[PDB]
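Chemist: Experimental coordinates for this protein are included below, preceded by the sequence.
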Amino acid sequence: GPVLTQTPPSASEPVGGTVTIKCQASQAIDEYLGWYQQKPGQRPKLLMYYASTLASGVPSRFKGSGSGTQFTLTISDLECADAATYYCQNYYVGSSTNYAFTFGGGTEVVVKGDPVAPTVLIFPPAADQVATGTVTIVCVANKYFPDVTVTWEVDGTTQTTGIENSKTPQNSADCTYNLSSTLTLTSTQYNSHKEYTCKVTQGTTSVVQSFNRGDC
Amino acid sequence: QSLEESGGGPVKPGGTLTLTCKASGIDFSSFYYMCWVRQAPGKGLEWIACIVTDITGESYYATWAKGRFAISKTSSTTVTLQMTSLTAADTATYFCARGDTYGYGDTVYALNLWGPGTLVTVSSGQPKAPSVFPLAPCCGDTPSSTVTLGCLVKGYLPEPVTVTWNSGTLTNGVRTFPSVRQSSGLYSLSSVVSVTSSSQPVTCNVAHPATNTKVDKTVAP
Amino acid sequence: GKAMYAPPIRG
C-alpha cells in the first residue's frame, strides 16, 4: 500500500439529506488524504485536503474527517448539485522513494429530488437513412425523476435487439434525467412494418409515442 | 492558473503517443507537483506519475506505469507524458493536474488544478467519420407552438464527438446525450434542441477530431 | 531551491 478502498460503491439520498462516504487506507497515512468531486463528463474537483481542510469555494456542508486508516466525507443538506462520484486520494511525498498518489475506487452519490413525470418524443428516420441499408429510430424522454424503463414495439411486438440507451447526468438544479433511446433495424425490416412505438414507463405511469411508416 | 492537455487521439496497439500539458497563468516562487491521471470510460481515477517543478525534476511513478510511461518537464510551462507499448488497457481520458508541494505544511497538499483531459484510444480499428441525420417530428403530426429538432450522429470511431448548435450561438434548451456503442463497435450519439416554430432553421455542428472532420447539418420542421 | 518533503508518517 497504501491502497485506498471506498464504501459504499453507491449511495442514494433525498435532497436535504446526509451522505457519509468511507475511505480506508490499507496502512497508516496520517491525514495525507484528499477528496474529489467528479460529475459525468467533467474534470475532477478538489473538495477537501489534509482530510478535513475545505478547499476554497467549497460549501461548509462538506465535512471531511479521519486519520491513520479511516476517513469520511460527510455531505449534509444534499443538493441536486451534489450528484456525482466522489474519490479519496493519497497525496504524500516523504522522500524520493516514499510517496503515494493513488485514488480510491470511487463512490457514486445519486440525489433523490422531486418526482417529475417524463414527456416523450419520437423521431422517424430522416429520408436519407433507408438507402444506407439500416434505419435508426430515436426516442427521447424529457426531464424526469426517478428513472424510467423504455420499451420498443414494432406492430405491437416488443423489440429486444438493436436498442441502445443513453441517459444524461442528473440536472444540478432539479435532479432530473433525460433519456435517449434508439432502435436500429435493417431497411427491409423497417419497410415490412407499419406501427413504430416507444413506451416510457415510470412506476405506475406510462407515456407512449408511436408513428406509422407511410404517414412520415 | 489553468492547464490544457494535447496530443491525445487514436493510436494502434504497440504504438506510442506523447501527451503534452501546458500551464497558463502560473508563478515560479513555489514548487509544485505536476501529475498525470487517467480514466477509462465508466471507470475510476487512476494515478500515473508526477514530477516536481524544482531544478531536481524528481519524478514519481505508479508501479504499473513506470516501465512504459515517462514524465518530463520540457519547459517552465510544459510537461510531457510519453506512453509506449500501448494496448486496449491504456484507452482512457488523460488528465493533467497540479498540486502544491509540502512547504511549511500550510499549503494545498492535493491536486487543486485540473485540465479538461484528452482522450486516448488504443485500437487496431481505423478512425471513421460519422454520418449525421436530422431529427424532426413525423411530418404527419399537427404542428404546435414549439418543436424539438435534432441530429443523430451515427457510426463513428473512435471517441469523441462534440456538438454545438449554430456555431455555439444556440445553447438554450439543448440536450446532448452521452454516446452509445453499437454492437459493431462504432459509436453514436444524439443532440436535440427545443425551439419555437417560427424560428429559423437550426444547424448542428458535429466535430470528430480523430478524422479531422466537421459536419454541419441544417434541420427544419 | 528545492521543494520540501512532508515529514515521515507518525502512525
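Modeler: It's in. Numbering: from 1, shown residues only, chains lettered A, B, ... in the order given.
Chemist: Each with direction, which strands does the host helix or strand of residue B:98 pair with?
Modeler: Here residue B:98 sits within strand B:92-100, counting by DSSP states H and E. The pairing partners recorded for strand B:92-100 under DSSP bridges are strand B:32-39 (antiparallel), strand B:111-114 (antiparallel), strand B:118-122 (antiparallel).
Chemist: Counting neighbours, which bits of stretch A:28-39 end up buried?
Modeler: Across stretch A:28-39, burial judged by 16 or more other CB atoms under 10 Å in any protein chain shown covers A:29, A:30, A:31, A:32, A:33, A:34, A:35, A:36, A:37, A:38, A:39. (Each C-beta comes from the backbone N, C-alpha and C, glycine too.)
Chemist: How far does that stretch stretch from one end to the other?
Modeler: Terminal residues of stretch A:28-39 lie 29 Å apart, using CA to CA, to the nearest Å.
Chemist: Check whether that stretch comes near chain B.
Modeler: Yes: Stretch A:28-39 is in contact with chain B by CB under 8 Å from any CB of the partner chain, via A:32, A:34, A:36, A:38.
Chemist: could I get those as a markdown table with secondary structure?
Modeler: Listed next are these as a markdown table, based on DSSP: H, G, I helix; E, B strand; the rest coil:
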| residue | secondary structure |
| --- | --- |
| A:32 | coil |
| A:34 | strand |
| A:36 | strand |
| A:38 | strand |
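Chemist: quick one on the thing from earlier: now mean neighbour count too, for the strands paired with strand B:92-100, in CSV please.
Modeler: Shown next, in CSV, are the strands paired with strand B:92-100 (neighbours: other CB atoms under 10 Å in any protein chain shown):
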stretch, mean neighbour count
strand B:32-39, 24
strand B:111-114, 23
strand B:118-122, 21
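Chemist: Not counting sequence-adjacent ones, nearest residue to the residue most central in space within chain A?
Modeler: Centroid check for chain A by CA atoms, centre = their mean gives residue A:169 as the closest residue, at 4.7 Å. Nearest residue to residue A:169, sequence neighbours excluded (CB to CB, 6 or more residues apart in numbering or on different chains): residue A:40, at 4.1 Å.
Chemist: Count the neighbours of the one you found for me.
Modeler: Neighbour count of residue A:40, defined by other CB atoms under 10 Å in any protein chain shown: 14.
Chemist: Check the secondary structure at it for me.
Modeler: coil.
Chemist: Residue numbers of chain C in contact with chain B?
Modeler: C:1, C:2, C:3, C:4, C:5, C:6, C:7.
Chemist: The residues you listed also near chain A: which ones?
Modeler: C:5, C:6, C:7.
Chemist: Report the buried members of these.
Modeler: C:5, C:6.
Chemist: how many other residues sit next to residue 115?
Modeler: No chain in the question, so chain A it is. Residue A:115 has 13 nearby residues by other CB under 10 Å.
Chemist: hm, I was asking about chain B
Modeler: Neighbours of residue B:115 (other CB under 10 Å): 22.
Chemist: I appreciate the help and will end here.
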